Amino acid sequence: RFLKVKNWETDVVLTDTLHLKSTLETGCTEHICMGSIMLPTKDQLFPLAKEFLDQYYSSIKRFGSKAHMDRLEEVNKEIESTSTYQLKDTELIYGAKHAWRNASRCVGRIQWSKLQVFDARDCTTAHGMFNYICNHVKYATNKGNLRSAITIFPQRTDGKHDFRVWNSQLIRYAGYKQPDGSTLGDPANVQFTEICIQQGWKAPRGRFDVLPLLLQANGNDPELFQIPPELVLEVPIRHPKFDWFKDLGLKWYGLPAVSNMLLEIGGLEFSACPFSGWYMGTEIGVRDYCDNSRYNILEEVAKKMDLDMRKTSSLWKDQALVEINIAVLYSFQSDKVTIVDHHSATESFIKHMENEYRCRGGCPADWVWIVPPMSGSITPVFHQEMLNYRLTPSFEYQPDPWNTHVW
Amino acid sequence: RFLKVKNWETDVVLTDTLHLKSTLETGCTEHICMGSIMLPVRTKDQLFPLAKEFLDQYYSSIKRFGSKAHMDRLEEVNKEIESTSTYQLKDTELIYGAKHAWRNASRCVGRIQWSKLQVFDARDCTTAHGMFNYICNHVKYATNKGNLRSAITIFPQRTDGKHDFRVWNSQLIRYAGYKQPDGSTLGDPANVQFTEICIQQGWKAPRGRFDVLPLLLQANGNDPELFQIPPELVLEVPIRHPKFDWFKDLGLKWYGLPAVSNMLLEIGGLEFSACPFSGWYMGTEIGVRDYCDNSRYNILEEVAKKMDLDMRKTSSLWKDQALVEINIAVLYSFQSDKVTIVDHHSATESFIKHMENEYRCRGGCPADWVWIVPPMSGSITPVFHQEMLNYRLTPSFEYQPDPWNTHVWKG
Ligand code: HEM
Ligand code: HEM
Ligand SMILES: Cc1cc(N)nc(COC[C@H]2C[C@H](OCc3cc(C)cc(N)n3)CN2)c1
Ligand SMILES: Cc1cc(N)nc(COC[C@H]2C[C@H](OCc3cc(C)cc(N)n3)CN2)c1
Ligand SMILES: C[C@H](O)[C@H](O)[C@H]1CNc2nc(N)[nH]c(=O)c2N1
Ligand SMILES: C[C@H](O)[C@H](O)[C@H]1CNc2nc(N)[nH]c(=O)c2N1
Ligand SMILES: [Zn+2]
């Protein structure tokens with residue numbers, strides 16, 4: 001019930017008590033651990049509202065005060081009457097910051113309290129959503145000096161009037177299936193690219209085409225918009241040693257901005273809540289570039305380096321991997337676009353864990369996601385035991401809306 | 001109940017039914033996942049069900065389930081338990097049991113090899129000197145002049161828990177570590193405490209950076225005794241790099257035979273507290289963890305210095321760069337001396353084929369992702385992208401506490 005986590009590199013032991021507030025379920029049982037599985041009414045709503053308002057009022061040292069009680073009373077009256085309620089601005093901001101704070105898969109949470117929250121609950125149309133999103137993108141990008149932000153569209157009502165951003169991120173590259181069987185551009189987005197084409201998009205059919213936004217207001221059929229090219233900051237990828245690297249013609253965008261997730265605050269559901277931070281280098285240079293089902297560039301790079309590609313034991317893949325990641329970091333740094341490397345990010349997260357243990361009694365963390373996809377054991381997170389559990393407010397996966405939308 | 005796992009690179013979906021036969025606990029609940037926690041005297045009472053389950057599995061493996069031979073063996077074990085409180089495995093059941101403990105070991109990426117295991121039955125052993133002889137024979141056999149063969153040696157099972165056989169070493173071959181008065185460590189920091197026990201017990205320490213530890217061996221619950229493995233039986237590989245000629249001058253070497261000697265083998269409810277087993281190395285065990293962990297030999301700085309990488313900012317990835325070079329060197333050195341070793345690409349690829357085969361023929365393959373994924377280049381190996389289900393099957397290998405914490409000294 002009071003659980004210990006040990007760092008095996010430093011012997012530091014931390015005691016977790018926060019897990020006892022865990023509300024949602026993990027997918028694991030005493031018989032089976034699902035740690036590596038990617039996805040494991042009025043009556044319902046009032047406990048959720050209360051649980052949230054209690055933690056909110058406690059956070060501002062006003063637990064058990066009239067202002068606390070009064071707000072419980074008010075929301076209670078409002079649910080009874082309307083079957084939902086509206087968060088105060090102060091609650092919305094707190095809820096959103098805490099959804100990031102509770103995100104067990106996020107290595108970047110030392111930053112959780114510096115989050116700019118844009119309240120878009122007055123939005124009514126896809127054009128309005130487009131406006132709010134462009135403003136988000138420009139604010140967060142800040143000419144390369146990136147700032148964390150989330151834009152929150154109106155909450156779910158009857159569930160037939162959902163706001164959704166159909167894109168998985170605000171900024172991603174198209175993927176095209178070709179005659180010759182191969183894939184041009186990002187194969188992860190092939191399907192979404194086709195949904196764009198079939199909804200009208202005129203695609204340039206290149207390797208790095210910024211996708212248009214496909215926005216759904218109020219349960220209506222979604223609409224297409226091109227983000228002003230001028231608001232999409234990109235980095236050409238070169239290497240500080242290898243002159244030929246630039247010839248590969250690689251680039252990536254500066255703003256990572258997840259747009260397909262659902263924010264839950266005090267029982268309320270915000271199905272459109274695009275949020276953004278900045279990149280850790282490996283996301284681009286290890287996953288985006290080197291996954292076999294992504295840009296899959298290792299072969300071409302290793303070839304340019306003239307490595308012995310005959311045998312897996314020459315570690316040519318590993319060699320090329322490092323260099324590609326050196327180039328990503330170098331290019332963002334040279335163009336002055338905020339980026340963090342995995343050494344620096346994981347060291348920060350260990351510091352954050354210690355802060356959260358001291359100040360909050362724990363920190364939910366998902367080791368499988370927190371350890372970088374390269375050089376795992378040479379980052380301190382590898383040696384750090386983590387307890388994973390679900391706290392609310394939260395971000396949650398939600399199914400892609402084309403599998404749901406009634407047209 | 002059926003459970004599905006998905007590979008996110010290939011979209012291949014597998015269906016696990018094997019998990020229905022698990023009963024030992026995971027550490028996890030519906031409310032907490034303990035998947036990255038390193039660690040999340042039996043009565044007749046509990047023993048006959050454990051024996052019966054085991055013999056049912058053994059008898060099925062041989063297509064003799066429900067046979068007269070199956071039934072007679074159940075009746076024979078049952079009587080033996082009730083009259084002696086324990087029982088003895090037949091040789092065939094010992095072999096099968098040891099093989100399955102390996103097969104069931106969810107942290108082991110090498111399991112494609114599970115059915116090729118040489119089992120040495122040391123249950124007639126009575127003294128520490130006898131244990132020393134068995135262990136030397138196991139080292140020589142497994143080593144096979146560099147052409148490594150997997151093996152396990154199985155000493156007598158636990159009886160009352162006061163008569164335990166234990167190998168006090170964590171591995172049969174490992175290097176000494178010495179804490180110096182100035183706070184630095186000479187040799188392997190992981191073995192400082194065990195090294196100090198060896199010295200205390202009378203070992204004359206050479207005090208260098210790679211001194212092979214003496215064996216410290218407990219038979220029949222007696223005080224453990226020290227033995228030096230004959231050096232001619234300890235195969236070692238000097239580490240050099242195919243391109244960097246100063247790499248040899250770091251003075252690195254490692255032993256070829258990875259042989260775990262501190263775990264507990266459970267078969268049919270019986271407990272074999274000394275059961276050293278050995279395979280061959282995956283390169284990263286040495287090049288990543290042994291050499292480059294901060295709490296081990298910690299050579300990243302010296303290697304990167306010699307490489308003259310930019311060391312003033314982590315974002316040069318000097319650590320990553322030096323890490324790959326060291327690992328190339330380890331694989332090169334082993335291959336050049338004709339000592340079996342596997343790289344992490346080859347090992348993980350084989351593990352995926354093993355795991356798929358297991359799903360088809362066996363209905364599952366319990367696997368601990370946290371351990372299976374190699375400690376460098378994680379996502380360029382196929383296991384990173386493979387969903388896994390972790391659960392506990394018996395027969396099994398289990399952690400047990402270090403014996404110096406529990407041993408009752410005689411003097
Ligand atoms: C400030 C810079 C940030 C860095 C460096 C960072 C780092 C990361 C990394 C490396 C991942 C793993 C995701 C992957 O591999 O695809 C991650 C996941 C996640 N992050 Fe953060 N993050 C940052 C900002 C944020 C912000 C501002 C939020 C919310 C407001 C957030 C919420 C999450 C969530 C919900 C996940 C899991 C996404 C999923 O399940 O696919 N991140 N982040
Ligand atoms: C044949 C060559 C083998 C290779 C390349 C192999 C590879 C590995 C690796 C990389 C690990 C993770 C251990 C670590 O990082 O410290 C491991 C763990 C394990 N292996 Fe295998 N293995 C092999 C043979 C065997 C054999 C023969 C057995 C037993 C008969 C075995 C049983 C285990 C067990 C019980 C663990 C967990 C260790 C622990 O929890 O500390 N392995 N092995
Ligand atoms: C906010 C933020 C900052 C930063 N530096 N990086 C990120 C990356 O998160 C992107 C999101 C999109 C992919 O989604 C994978 C995924 C798939 C599925 C089926 C479920 C799930 N939870 N996650 C991986 N994580 C997000
Ligand atoms: C048989 C074999 C072959 C091969 N190539 N590699 C191995 C490696 O297993 C070595 C063993 C020793 C360390 O054990 C650490 C450890 C500590 C604790 C507290 C528990 C636990 N299960 N394991 C890591 N695994 C074993
Ligand atoms: C199957 C496994 O859970 C899956 O590949 C995970 C592993 N760890 C990950 N870690 C991060 N940060 N991002 C990912 O997409 C994944 N994928
Ligand atoms: C705390 C964490 O679980 C611990 O560092 C584990 C992680 N994964 C591992 N994986 C392997 N193969 N070996 C290890 O020692 C570890 N250590
Ligand atoms: Zn679990």
Side-chain angles (χ1 to χ4, degrees), chain A residues 5-9 34-40 105-108 188 280 282-283 286-288 291 293-294 342 345 365-374 376-377 379-387, chain B residues 5-9 34-40 102 105-111 113 117 142 148 150-152 169-172 174 190 256-264 275-286 288-290 293 295-296 340-342 344 347 367-375 378-379 381-389 397-402:
Chain A
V5 286
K6 179 172 174 174
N7 183 299
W8 287 85
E9 183 197 341
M34 291 208 165
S36 65
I37 310 306
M38 177 94 54
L39 330 171
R105 286 175 168 166
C106 178
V107 73
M280 177 169 72
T282 52
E283 300 177 80
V286 183
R287 307 299 315 282
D288 294 332
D291 276 10
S293 62
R294 300 288 306 288
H342 51 289
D366 177 345
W367 191 100
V368 175
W369 281 64
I370 299 285
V371 176
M374 72 180 290
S377 66
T379 66
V381 291
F382 181 94
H383 310 269
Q384 175 67 58
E385 296 184 344
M386 295 172 197
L387 286 165
Chain B
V5 298
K6 185 189 176 160
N7 185 295
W8 290 88
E9 185 195 334
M34 300 222 313
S36 68
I37 309 309
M38 176 125 25
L39 292 161
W102 185 10
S106 64
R107 293 174 162 177
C108 181
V109 81
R111 282 179 282 168
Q113 285 295 327
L117 176 62
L148 274 55
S150 301
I152 178 165
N169 308 60
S170 58
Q171 292 178 36
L172 299 180
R174 240 193 157 178
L257 183 74
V260 166
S261 52
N262 61 359
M263 298 180 84
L264 178 153
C275 60
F277 53 88
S278 65
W280 54 79
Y281 270 111
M282 184 165 75
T284 52
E285 302 176 79
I286 309 168
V288 189
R289 305 301 312 287
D290 301 333
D293 274 8
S295 305
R296 300 288 310 284
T340 311
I341 191 159
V342 68
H344 53 284
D368 181 341
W369 193 103
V370 169
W371 283 61
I372 297 300
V373 179
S379 78
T381 74
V383 290
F384 180 96
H385 307 272
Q386 182 64 57
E387 285 182 352
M388 302 180 192
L389 288 174
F397 294 110
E398 298 299 343
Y399 171 81
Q400 50 179 351
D402 293 318

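A note on names: the letters A, B, ... follow the listed sequences, proteins ahead of strands, and every chain is numbered from 1. Whatever order the structure lists them in is the order used to number ligands and atoms, beginning at 1.
Annotation: the span from B/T381 atom OG1 to B/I372 atom CD1 amounts to 10.0 Å, rounded to 0.5 Å. Here B/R289 contributes atom CZ and A/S377 contributes atom OG; the two are 5.0 Å apart, rounded to the nearest 0.5 Å.
Considering backbone and side-chain atoms together, B/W371 places an N or O closer than 3.5 Å to an N or O of ligand 6. Annotation: B/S36 places an N or O atom under 3.5 Å from an N or O atom of ligand 6; distance criterion only. Polar contact with ligand 6: absent for A/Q384 (N/O pair, distance under 3.5 Å).
Between the side chain of B/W369 and the main chain of B/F384, a donor-acceptor pair closer than 3.5 Å is present. Looking at B/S261, its side chain does come within 3.5 Å of a backbone N or O of B/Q171 through a donor-acceptor pair. Side-chain N or O atoms of A/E385 include one that pairs as donor or acceptor with a backbone N or O of A/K6 at under 3.5 Å. With B/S36 contributing its side chain and A/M386 its backbone, the two residues share a donor-acceptor pair below 3.5 Å. A donor-acceptor distance shorter than 3.5 angstrom exists from the side chain of A/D366 to the backbone of A/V368, with no hydrogens or angles considered.
Looking at B/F384 against ligand 5, both its backbone and its side chain come within 4.0 Å, counting heavy atoms. Residue-level proximity to ligand 5 for B/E387 is carried by backbone and side chain together, each with a heavy atom below 4.0 angstrom.
Residues with a heavy atom under 4.0 Å from ligand 4: A/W8, B/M38, B/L39, B/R107, B/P258, B/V260, B/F277, B/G279, B/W280, B/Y281, B/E285, B/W371, B/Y399.
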Any chance you could lay out the side-chain contact (heavy atoms from CB on, under 4.5 Å) test for B/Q386 and B/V5, step after step, and finish with the verdict? CA-CA 8 Å; B/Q386 182 64 57; B/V5 298; 3.9 Å; yes
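Every side-chain contact (heavy atoms from CB on, under 4.5 Å) that B/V260 has, sequence neighbours left out, goes to B/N262, B/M263, B/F277.
Under a 4.0 Å heavy-atom criterion, B/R289 is in contact with ligand 6.
Of all protein heavy atoms, the one closest to atom 8 (N) of ligand 6 is B/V370 O, 3.1 Å.
Close approach of ligand 6 to B/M38 is summarised as follows: ligand atoms under 4.0 Å from at least one heavy atom of the residue are 4 (C).
Listed here is the closest heavy atom pair of A/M280 and A/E283: N-OE2, 2.8 Å.
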